[PDB]
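Single-letter residue listing:
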Amino acid sequence: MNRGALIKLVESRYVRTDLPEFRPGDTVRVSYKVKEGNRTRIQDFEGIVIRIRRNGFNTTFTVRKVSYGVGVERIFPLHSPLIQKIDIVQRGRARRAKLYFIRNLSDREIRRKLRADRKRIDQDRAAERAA
Amino acid sequence: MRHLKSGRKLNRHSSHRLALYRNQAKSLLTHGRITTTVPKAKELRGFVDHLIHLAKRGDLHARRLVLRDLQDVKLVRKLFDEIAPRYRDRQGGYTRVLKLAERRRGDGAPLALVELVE
Amino acid sequence: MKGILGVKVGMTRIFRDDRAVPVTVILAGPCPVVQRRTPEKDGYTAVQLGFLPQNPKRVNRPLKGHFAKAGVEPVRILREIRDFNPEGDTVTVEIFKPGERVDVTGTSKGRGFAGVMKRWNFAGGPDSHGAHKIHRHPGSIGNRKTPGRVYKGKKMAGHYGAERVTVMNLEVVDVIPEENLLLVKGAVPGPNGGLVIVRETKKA
Amino acid sequence: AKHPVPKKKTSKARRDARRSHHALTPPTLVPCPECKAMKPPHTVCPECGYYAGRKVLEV
Amino acid sequence: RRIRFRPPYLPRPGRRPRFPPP
Amino acid sequence: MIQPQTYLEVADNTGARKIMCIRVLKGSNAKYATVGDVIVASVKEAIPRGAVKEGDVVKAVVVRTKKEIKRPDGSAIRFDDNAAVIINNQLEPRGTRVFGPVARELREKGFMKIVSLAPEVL
RNA sequence: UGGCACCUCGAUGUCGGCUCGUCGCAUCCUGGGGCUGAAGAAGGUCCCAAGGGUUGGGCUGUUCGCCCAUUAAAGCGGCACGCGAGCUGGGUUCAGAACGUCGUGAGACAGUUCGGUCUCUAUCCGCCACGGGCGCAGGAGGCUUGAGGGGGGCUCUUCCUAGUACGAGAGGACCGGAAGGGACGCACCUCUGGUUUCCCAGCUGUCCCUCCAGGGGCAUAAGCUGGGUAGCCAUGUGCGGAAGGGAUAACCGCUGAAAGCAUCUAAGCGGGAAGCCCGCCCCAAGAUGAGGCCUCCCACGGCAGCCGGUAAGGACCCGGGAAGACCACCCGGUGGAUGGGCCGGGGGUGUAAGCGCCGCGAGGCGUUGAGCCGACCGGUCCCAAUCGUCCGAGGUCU
RNA sequence: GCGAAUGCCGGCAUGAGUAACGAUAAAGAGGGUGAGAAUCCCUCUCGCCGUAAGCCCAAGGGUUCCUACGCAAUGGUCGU
RNA sequence: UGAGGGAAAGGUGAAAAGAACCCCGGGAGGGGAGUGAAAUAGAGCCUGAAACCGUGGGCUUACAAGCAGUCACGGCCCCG
Ligand SMILES: [Mg+2]
Ligand SMILES: [Mg+2]
Ligand SMILES: [Mg+2]
Ligand SMILES: [Mg+2]
Ligand SMILES: [Mg+2]
Ligand SMILES: [Mg+2]
Ligand SMILES: [Mg+2]
Ligand SMILES: [Mg+2]
Ligand SMILES: [Mg+2]
Ligand SMILES: [Mg+2]
Ligand SMILES: [Mg+2]
Ligand SMILES: [Mg+2]
Ligand SMILES: [Mg+2]
Ligand SMILES: [Mg+2]
Ligand SMILES: [Mg+2]
Ligand SMILES: [Mg+2]
Ligand SMILES: [Mg+2]
Ligand SMILES: [Mg+2]
Ligand SMILES: [Mg+2]
Ligand SMILES: [Mg+2]
Ligand SMILES: [Mg+2]
Ligand SMILES: [Mg+2]
Ligand SMILES: [Mg+2]
Ligand SMILES: [Mg+2]
Ligand SMILES: [Mg+2]
Ligand SMILES: [Mg+2]
Ligand SMILES: [Mg+2]
Ligand SMILES: [Mg+2]
Ligand SMILES: [Mg+2]
Ligand SMILES: [Mg+2]
Ligand SMILES: [Mg+2]
Ligand SMILES: [Mg+2]
Ligand SMILES: [Mg+2]
Ligand SMILES: [Mg+2]
Ligand SMILES: [Mg+2]
Ligand SMILES: [Mg+2]
Ligand SMILES: [Mg+2]
Ligand SMILES: [Mg+2]
Ligand SMILES: [Mg+2]
Ligand SMILES: [Mg+2]
Ligand SMILES: [Mg+2]
Ligand SMILES: [Mg+2]
Ligand SMILES: [Mg+2]
Ligand SMILES: [Mg+2]
Ligand SMILES: [Mg+2]
Ligand SMILES: [Mg+2]
Ligand SMILES: [Mg+2]
Ligand SMILES: [Mg+2]
Ligand SMILES: [Mg+2]
Ligand SMILES: [Mg+2]
Ligand SMILES: [Mg+2]
Ligand SMILES: [Mg+2]
Ligand SMILES: [Mg+2]
Ligand SMILES: [Mg+2]
Ligand SMILES: [Mg+2]
Ligand SMILES: [Mg+2]
Ligand SMILES: [Mg+2]
Ligand SMILES: [Mg+2]
Ligand SMILES: [Mg+2]
Ligand SMILES: [Mg+2]
Ligand SMILES: [Mg+2]
Ligand SMILES: [Mg+2]
Ligand SMILES: [Mg+2]
Ligand SMILES: [Mg+2]
Ligand SMILES: [Mg+2]
Ligand SMILES: [Mg+2]
Ligand SMILES: [Mg+2]
Ligand SMILES: [Mg+2]
Ligand SMILES: [Mg+2]
Ligand SMILES: [Mg+2]
Ligand SMILES: [Mg+2]
Ligand SMILES: [Mg+2]
Ligand SMILES: [Mg+2]
Ligand SMILES: [Mg+2]
Ligand SMILES: [Mg+2]
Ligand SMILES: [Mg+2]
Ligand SMILES: [Mg+2]
Ligand SMILES: [Mg+2]
Ligand SMILES: [Mg+2]
Ligand SMILES: [Mg+2]
Ligand SMILES: [Mg+2]
Ligand SMILES: [Mg+2]
Ligand SMILES: [Mg+2]
Ligand SMILES: [Mg+2]
Ligand SMILES: [Mg+2]
Ligand SMILES: [Mg+2]
Ligand SMILES: [Mg+2]
Ligand SMILES: [Mg+2]
Ligand SMILES: [Mg+2]
Ligand SMILES: [Mg+2]
Ligand SMILES: [Mg+2]
Ligand SMILES: [Mg+2]
Ligand SMILES: [Mg+2]
Ligand SMILES: [Mg+2]
Ligand SMILES: [Mg+2]
Ligand SMILES: [Mg+2]
Ligand SMILES: [Mg+2]
Ligand SMILES: [Mg+2]
Ligand SMILES: [Mg+2]
Ligand SMILES: [Mg+2]
Ligand SMILES: [Mg+2]
Ligand SMILES: [Mg+2]
Ligand SMILES: [Mg+2]
Ligand SMILES: [Mg+2]
Ligand SMILES: [Mg+2]
Ligand SMILES: [Mg+2]
Ligand SMILES: [Mg+2]
Ligand SMILES: [Mg+2]
Ligand SMILES: [Mg+2]
Ligand SMILES: [Mg+2]
Ligand SMILES: [Mg+2]
Ligand SMILES: [Mg+2]
Ligand SMILES: [Mg+2]
Ligand SMILES: [Mg+2]
Ligand SMILES: [Mg+2]
Ligand SMILES: [Mg+2]
Ligand SMILES: [Mg+2]
Ligand SMILES: [Mg+2]
Ligand SMILES: [Mg+2]
Ligand SMILES: [Mg+2]
Ligand SMILES: [Mg+2]
Ligand SMILES: [Mg+2]
Ligand SMILES: [Mg+2]
Ligand SMILES: [Mg+2]
Ligand SMILES: [Mg+2]
Ligand SMILES: [Mg+2]
Ligand SMILES: [Mg+2]
Ligand SMILES: [Mg+2]
Ligand SMILES: [Mg+2]
Ligand SMILES: [Mg+2]
Ligand SMILES: [Mg+2]
Ligand SMILES: [Mg+2]
Ligand SMILES: [Mg+2]
Ligand SMILES: [Mg+2]
Ligand SMILES: [Mg+2]
Ligand SMILES: [Mg+2]
Ligand SMILES: [Mg+2]
Ligand SMILES: [Mg+2]
Ligand SMILES: [Mg+2]
Ligand SMILES: [Mg+2]
Ligand SMILES: [Mg+2]
Ligand SMILES: [Mg+2]
Ligand SMILES: [Mg+2]
Ligand SMILES: [Mg+2]
Ligand SMILES: [Mg+2]
Ligand SMILES: [Mg+2]
Ligand SMILES: [Mg+2]
Ligand SMILES: [Mg+2]
Ligand SMILES: [Mg+2]
Ligand SMILES: [Mg+2]
Ligand SMILES: [Mg+2]
Ligand SMILES: [Mg+2]
Ligand SMILES: [Mg+2]
Ligand SMILES: [Mg+2]
Ligand SMILES: [Mg+2]
Ligand SMILES: [Mg+2]
Ligand SMILES: [Mg+2]
Ligand SMILES: [Mg+2]
Ligand SMILES: [Mg+2]
Ligand SMILES: [Mg+2]
Ligand SMILES: [Mg+2]
Ligand SMILES: [Mg+2]
Ligand SMILES: [Mg+2]
Ligand SMILES: [Mg+2]
Ligand SMILES: [Mg+2]
Ligand SMILES: [Mg+2]
Ligand SMILES: [Mg+2]
Ligand SMILES: [Mg+2]
Ligand SMILES: [Mg+2]
Ligand SMILES: [Mg+2]
Ligand SMILES: [Mg+2]
Ligand SMILES: [Mg+2]
Ligand SMILES: [Mg+2]
Ligand SMILES: [Mg+2]
Ligand SMILES: [Mg+2]
Ligand SMILES: [Mg+2]
Ligand SMILES: [Mg+2]
Ligand SMILES: [Mg+2]
Ligand SMILES: [Mg+2]
Ligand SMILES: [Mg+2]
Ligand SMILES: [Mg+2]
Ligand SMILES: [Mg+2]
Ligand SMILES: [Mg+2]
Ligand SMILES: [Mg+2]
Ligand SMILES: [Mg+2]
Ligand SMILES: [Mg+2]
Ligand SMILES: [Mg+2]
Ligand SMILES: [Mg+2]
Ligand SMILES: [Mg+2]
Ligand SMILES: [Mg+2]
Ligand SMILES: [Mg+2]
Ligand SMILES: [Mg+2]
Ligand SMILES: [Mg+2]
Ligand SMILES: [Mg+2]
Ligand SMILES: [Mg+2]
Ligand SMILES: [Mg+2]
Ligand SMILES: [Mg+2]
Ligand SMILES: [Mg+2]
Ligand SMILES: [Mg+2]
Ligand SMILES: [Mg+2]
Ligand SMILES: [Mg+2]
Ligand SMILES: [Mg+2]
Ligand SMILES: [Mg+2]
Ligand SMILES: [Mg+2]
Ligand SMILES: [Mg+2]
Ligand SMILES: [Mg+2]
Ligand SMILES: [Zn+2]
């Protein structure tokens, strides 16, 4: 038996592929199903992705945003059915994997350290030139 | 516990264990066969193999890498030019460790030899 | 009162009704019956199950014979489920249906010679304020002259783990008979690769 | 710590008792298929220098 | 639980070692 | 994970600015408060002439925690501070506004009052 | 608190705390009751009950006590006022200093004050773990019965019933049913969150290789910094307390005499506790009372005995292992995927070097998600587990 | 005239193949010599000191200096 | 430091006749050979107690509770 293979089999019924690739520093909008007693609605959450943990079907990414003067970070499973869509709002160019450092940075400062990932942006335009 | 941990410590700190592995690589790539204690030998295997298998790649990067552990330009050269080539078609396993029959006197240490293959 | 041998393969989680469900995955079937225990013959009732196939080149003659008599090809492991008589001559994961609740035994991870703190969640020592070399020590173990001795079972540092642990009342979340897979929710003793037993649960 | 000390001399009988497990087991030794001399198995034969059929050592 | 305060009978150890004898 | 000694920001207009936890009202021995729990707490810093004033011993419910709260949908949410809204003995805010987002758990825990007064719920 | 002065002055270390507990029950809580000046809810008082539980903080050396916030409850006691060859050393025995007081004085105080050396090595019994030996009348490989033990044993809130019963009203049930907790236990590592001594990157000084480029050592036993896989982990996750059967406690009874009535009792029979037995989980046939089932070997040579070669098996040796201090356990040993290498995937890191271009430059851009790359999931005999040795029944008697 | 004086002297036990083998600056290999080598010589490599752990005076020691020949004992192992 | 304190340690044989030579061993040591009335008088030497340490034999012992013995019976082994 190939244990690893087997797990992947089980996970396989649950893997998505319909979500856009993005990286730490990209700014992103996650549309998340949400229950509220009683309507269950879609609440977008838009912020910078400061981390992506990779472990297969279990990879998870983390989004930081400021909200009414308090900072929020929210963690989504890359494959959560509860995610409706993810809209790349902006490509940002980091130099490291985990960006926890923006936690202590002025909104000016972050902006300096996270400049527009000009390469990967032009690239996005390249597609959407669709036939 | 030690559950699933690869690598010995060989009663050396980090910096020394590395050194140890290097100046064996150096002795073994130089002489083609050395004798040590069986455990140090068993660990020498992989260390050397990678460097050998890198020389096999032959590219500049590969040299500069191999040169980080071995330091010696002459040596690296004998590695790339004379050593790498006998293993073009060998797929891993460029070293062998064979156990010697006698223990050392002063301490009764089990000895082995490590050698390059053909 | 059904049961089955199996090996633990690992964990992930699945999503079910907008919830993450931690699950352990267990490869269970197929386990051929290789002896039955009967009250006339044995004094009680249970099936001896075999599990995992074995290289007949490794099966010594006393064993090869036991298998032989039960018309069954060699198996790595033999274990009895108690008070269980399957109709068939082979037990597979089909005997569990998602939503059933089960108990799982397995052998816990060894922790070796464990101190009093890891073993028994002792409180150890201060780490300052004067504590002299006792920071994980067990403290006092006794009284004085009465009773002048130590209790049997006094909690102490010793070996810990690599023991039989049965974890109870876990939910079968799914079963995949095409692959002999059992998805039980939550966590089971032993390392991925360990051998486990899955029995129908006693808690009701 | 208060300097534990033996309360009584240990008998001749009781030490030797302890020492019941001190016996050495003689080296485990096989014949060398080439020179028929006795040696640890899995070692290169130090008498003839052969191992796995071939010469591996000058000796 | 005794009230009449229990004085020590013994001095807290300790002072000095009779080193050596030779 | 609020526990006694923990200072938390109050996010209402009661006038208290910083309160220090002094009990987790959640069992006879709760180690920690999380979102939606009630603490008793003393007020360590207030602004002049609020409803509430330094030294008052008050109840507050926790609305933000700096340690993430995990959610059955496998997700989690985490804030930049720990926050509380001071309340009265029937879990009503004593304040008239609440500032900042609050965790959605507050609703399941029947503090709908604070939830609506809140500018954002995550 | 005392009395006495019996072992111990060729030493029984003494307050308090910490740690670990264990027991008593004159029960704080939780279970079960009788009476009540018990309408209800709540409470008084007594009986049964030791299974489990019995919080955090301020003061002070303090125990104690007071106080704050809680709580089902914040129980009282024994164990050398349990526990200094277990820790502490705040306090009370020494030497220093001072205050108040006493003394002409030296000094003194069941006064106050600041300071003041707490001892690596366990023989035996006891305890926690792990083997070795022998035994369990033939020798073997498996799989088990469970005598007997051990573990566990907590409790709350809300809602339904029902704003019903009850009560002027305020307040507010029994019974029954549903949900959600606190603490604790066993496991686990999918997630969350740690670490991850070299898995990746950045950075400074310096010496070096080889001048540049690129790299190396040292700055810690990682120079520093940012991250970080497996593993081991909790703050993270699963699950546990039961249900159920049976016998009882106090208590309530059915039938019922002695005693024409009455009586729970003398005959007999019911109901009745978180407690008791079992049930759950773990250990367990040295259970010498050494159990049982399945399979394997077998009548071998010479004189309940010895010797030798075998049988089934076994050990040795080797490769290893989420097994482990050694031992032991488990897997593998070329009829092989055991570990090492190589390959693929994962995963970290985050775009190597070289080269081309732009900038005077520091740099920047592109080749490029590049290069490196521990343990994770796999493949592959390239390297090593070569070759072998030695043990081991022939079955006691009615 | 000894059995006791924590007696005196001496010898030998026990503890026990136990604690320890004296700075965590650190080692590795090849060659040699030799009955014998982790420990001696030589070479390469790697670490440590460098207001020193390098150098020179003075005290104090008193041949320990240099060579040849040795390894009983001294060297906390070994020893050429 | 000094004044001062202050040990242990005797014996081959009549005679060195103190073991040539060979053998194993680096040697130490030993086995032969030789000396001697004697060499377990061989120099680590008269005698050579005891504790203490071994080897070989007899009896015994792994369901037993102990100031270790004593009384009884039985088993085995030895001397007749
Ligand atoms: Mg996996
Ligand atoms: Mg598959
Ligand atoms: Mg919204
Ligand atoms: Mg282990
Ligand atoms: Mg460790
Ligand atoms: Mg491994
Ligand atoms: Mg390493
Ligand atoms: Mg290891
Ligand atoms: Mg070392
Ligand atoms: Mg060592
Ligand atoms: Mg280190
Ligand atoms: Mg270092
Ligand atoms: Mg080998
Ligand atoms: Mg060997
Ligand atoms: Mg030596
Ligand atoms: Mg098992
Ligand atoms: Mg401990
Ligand atoms: Mg534990
Ligand atoms: Mg713990
Ligand atoms: Mg503690
Ligand atoms: Mg601690
Ligand atoms: Mg402390
Ligand atoms: Mg101290
Ligand atoms: Mg310490
Ligand atoms: Mg006693
Ligand atoms: Mg174990
Ligand atoms: Mg499903
Ligand atoms: Mg595991
Ligand atoms: Mg001690
Ligand atoms: Mg000490
Ligand atoms: Mg002492
Ligand atoms: Mg000692
Ligand atoms: Mg003593
Ligand atoms: Mg003795
Ligand atoms: Mg003896
Ligand atoms: Mg003994
Ligand atoms: Mg004030
Ligand atoms: Mg008295
Ligand atoms: Mg007296
Ligand atoms: Mg007295
Ligand atoms: Mg007395
Ligand atoms: Mg006394
Ligand atoms: Mg005495
Ligand atoms: Mg005495
Ligand atoms: Mg004494
Ligand atoms: Mg004592
Ligand atoms: Mg004492
Ligand atoms: Mg107590
Ligand atoms: Mg008790
Ligand atoms: Mg009572
Ligand atoms: Mg009650
Ligand atoms: Mg009552
Ligand atoms: Mg009432
Ligand atoms: Mg009333
Ligand atoms: Mg009333
Ligand atoms: Mg009463
Ligand atoms: Mg009563
Ligand atoms: Mg109790
Ligand atoms: Mg108690
Ligand atoms: Mg206090
Ligand atoms: Mg304070
Ligand atoms: Mg106090
Ligand atoms: Mg204080
Ligand atoms: Mg005082
Ligand atoms: Mg007081
Ligand atoms: Mg009450
Ligand atoms: Mg208290
Ligand atoms: Mg005491
Ligand atoms: Mg006490
Ligand atoms: Mg005491
Ligand atoms: Mg004490
Ligand atoms: Mg002490
Ligand atoms: Mg004390
Ligand atoms: Mg004590
Ligand atoms: Mg004591
Ligand atoms: Mg202690
Ligand atoms: Mg004081
Ligand atoms: Mg003091
Ligand atoms: Mg004093
Ligand atoms: Mg004064
Ligand atoms: Mg005065
Ligand atoms: Mg006075
Ligand atoms: Mg006067
Ligand atoms: Mg005066
Ligand atoms: Mg006096
Ligand atoms: Mg001081
Ligand atoms: Mg004092
Ligand atoms: Mg002490
Ligand atoms: Mg101390
Ligand atoms: Mg010792
Ligand atoms: Mg002992
Ligand atoms: Mg004793
Ligand atoms: Mg045993
Ligand atoms: Mg055994
Ligand atoms: Mg087996
Ligand atoms: Mg039976
Ligand atoms: Mg039982
Ligand atoms: Mg018993
Ligand atoms: Mg109602
Ligand atoms: Mg519950
Ligand atoms: Mg828990
Ligand atoms: Mg993982
Ligand atoms: Mg993790
Ligand atoms: Mg994870
Ligand atoms: Mg993490
Ligand atoms: Mg490296
Ligand atoms: Mg540098
Ligand atoms: Mg140069
Ligand atoms: Mg340069
Ligand atoms: Mg250097
Ligand atoms: Mg340096
Ligand atoms: Mg260093
Ligand atoms: Mg470095
Ligand atoms: Mg981190
Ligand atoms: Mg780090
Ligand atoms: Mg990790
Ligand atoms: Mg926890
Ligand atoms: Mg019951
Ligand atoms: Mg009944
Ligand atoms: Mg009647
Ligand atoms: Mg009458
Ligand atoms: Mg009766
Ligand atoms: Mg009844
Ligand atoms: Mg009755
Ligand atoms: Mg009735
Ligand atoms: Mg209960
Ligand atoms: Mg068993
Ligand atoms: Mg069992
Ligand atoms: Mg048995
Ligand atoms: Mg018995
Ligand atoms: Mg048996
Ligand atoms: Mg082995
Ligand atoms: Mg091993
Ligand atoms: Mg085997
Ligand atoms: Mg073989
Ligand atoms: Mg392999
Ligand atoms: Mg492999
Ligand atoms: Mg790989
Ligand atoms: Mg890849
Ligand atoms: Mg990747
Ligand atoms: Mg680039
Ligand atoms: Mg480049
Ligand atoms: Mg230019
Ligand atoms: Mg790869
Ligand atoms: Mg590798
Ligand atoms: Mg193949
Ligand atoms: Mg052979
Ligand atoms: Mg006398
Ligand atoms: Mg004495
Ligand atoms: Mg004496
Ligand atoms: Mg004495
Ligand atoms: Mg004497
Ligand atoms: Mg004497
Ligand atoms: Mg004497
Ligand atoms: Mg003496
Ligand atoms: Mg001795
Ligand atoms: Mg030993
Ligand atoms: Mg000892
Ligand atoms: Mg030791
Ligand atoms: Mg010493
Ligand atoms: Mg040692
Ligand atoms: Mg040393
Ligand atoms: Mg150090
Ligand atoms: Mg050599
Ligand atoms: Mg040497
Ligand atoms: Mg030598
Ligand atoms: Mg050498
Ligand atoms: Mg050395
Ligand atoms: Mg040298
Ligand atoms: Mg170093
Ligand atoms: Mg300098
Ligand atoms: Mg002069
Ligand atoms: Mg001079
Ligand atoms: Mg001198
Ligand atoms: Mg000179
Ligand atoms: Mg000289
Ligand atoms: Mg000289
Ligand atoms: Mg010389
Ligand atoms: Mg010498
Ligand atoms: Mg010598
Ligand atoms: Mg010597
Ligand atoms: Mg001489
Ligand atoms: Mg010496
Ligand atoms: Mg020596
Ligand atoms: Mg020395
Ligand atoms: Mg004198
Ligand atoms: Mg004479
Ligand atoms: Mg004479
Ligand atoms: Mg004569
Ligand atoms: Mg000669
Ligand atoms: Mg010779
Ligand atoms: Mg020589
Ligand atoms: Mg001679
Ligand atoms: Mg000889
Ligand atoms: Mg001679
Ligand atoms: Mg003659
Ligand atoms: Mg005569
Ligand atoms: Mg004689
Ligand atoms: Mg004589
Ligand atoms: Mg003599
Ligand atoms: Mg004479
Ligand atoms: Mg003699
Ligand atoms: Mg004997
Ligand atoms: Mg018995
Ligand atoms: Mg017997
Ligand atoms: Mg007799
Ligand atoms: Zn040979």
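Residues numbered from 1 in each chain as written, not as in the entry; some residues may be left out. Chains lettered and ligands numbered in written order. Part of a larger assembly, values for the part shown. Heavy atoms only, no water. Residues with missing side-chain atoms left out of burial classes, pairs and counts.

- In the PDB archive, X-ray crystallography is given as the structure determination method for this entry, at a resolution of 3.2000 Å.

- The name the PDB entry assigns to chain D is 50S ribosomal protein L32, from the organism Thermus thermophilus.
- For the record of chain D, the UniProt heading Function holds the text "Found on the solvent side of the large subunit."
- Check the Subunit section of the UniProt entry for chain D; it says "Part of the 50S ribosomal subunit." (UniProt positions renumbered as here; feature names shortened; annotations may be inferred.)

- In the nomenclature of the PDB entry, chain B corresponds to 50S ribosomal protein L17 from the organism Thermus thermophilus.
- The annotation that UniProt attaches to chain B under Sequence similarities is "Belongs to the bacterial ribosomal protein bL17 family."

**Quick notes on the interface of chain A and chain F**
Then step 1. With 21 residues of chain A at the interface, the matching set in chain F holds 19 residues.
Then step 2. Here chain A and chain F share an interface that buries about 1700 Å² over both sides, 45% of which is from carbon and sulfur atoms.
Then step 3. The tally of links from chain A across to chain F stands at five salt bridges.
Then step 4. Close ionic contact of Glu 73 of chain A with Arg 78 of chain F constitutes a salt bridge, the shortest N to O distance being 2.6 Å.
Then step 5. Linking chain A to chain F there are 13 residue pairs in polar contact.
Then step 6. Listed by contribution, the elements that provide at least two residues to the side of chain A that touches chain F are β1 (27-35), β2 (40-53), β3 (60-67) and β4 (70-77) of chain A.
Then step 7. Top element by residues in the side of chain A that touches chain F is β4 of chain A. It accounts for seven residues. (Contact = heavy atoms within 4.5 Å. Buried area = accessible area lost by both parts, 1.4 Å probe. Salt bridge = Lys/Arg side-chain N within 4 Å of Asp/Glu carboxyl O. Polar contact = N/O pair within 3.5 Å; in protein donor to acceptor, adjacent residues only side chain to side chain. Helix = DSSP H or I, 4+ residues; strand = E, 2+ residues; numbered from the N terminus.)

**Here's the deal with the sheet that holds strand β7 (residues 83-87) of chain F**
Adjacent strands of a sheet form backbone hydrogen bonds with each other and so pair up, either parallel or antiparallel.
All names here are of chain F.
Then step 1. Reading around the circumference, β1-β2-β3-β4-β7 is the order of the five strands in this closed barrel, with mixed pairing throughout. Adjacent strand axes in the sheet meet at a mean angle of 55 degrees, parallel and antiparallel pairs treated alike.
Then step 2. In this sheet, β7 lies alongside strand β1 (residues 7-10) in parallel orientation, the contact comprising two bridges. By the bridge assignment, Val 10 is partnered in β7 with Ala 84. (Pairing = 2+ DSSP bridges. Axes fitted to C-alpha atoms, helices over the stretch in contact; angles between N-to-C directions.)

**Describing the arrangement of the chains**
Then step 1. Sorting the five pairs of chains in contact by contact count puts chains A and F at the top.
Then step 2. At the C-alpha level, the nearest point of chain C lies 11 Å from chain D, with no contact between them.
Then step 3. Across the gap from chain E to chain F, with no contact made, the nearest C-alpha atoms are 29 Å apart.

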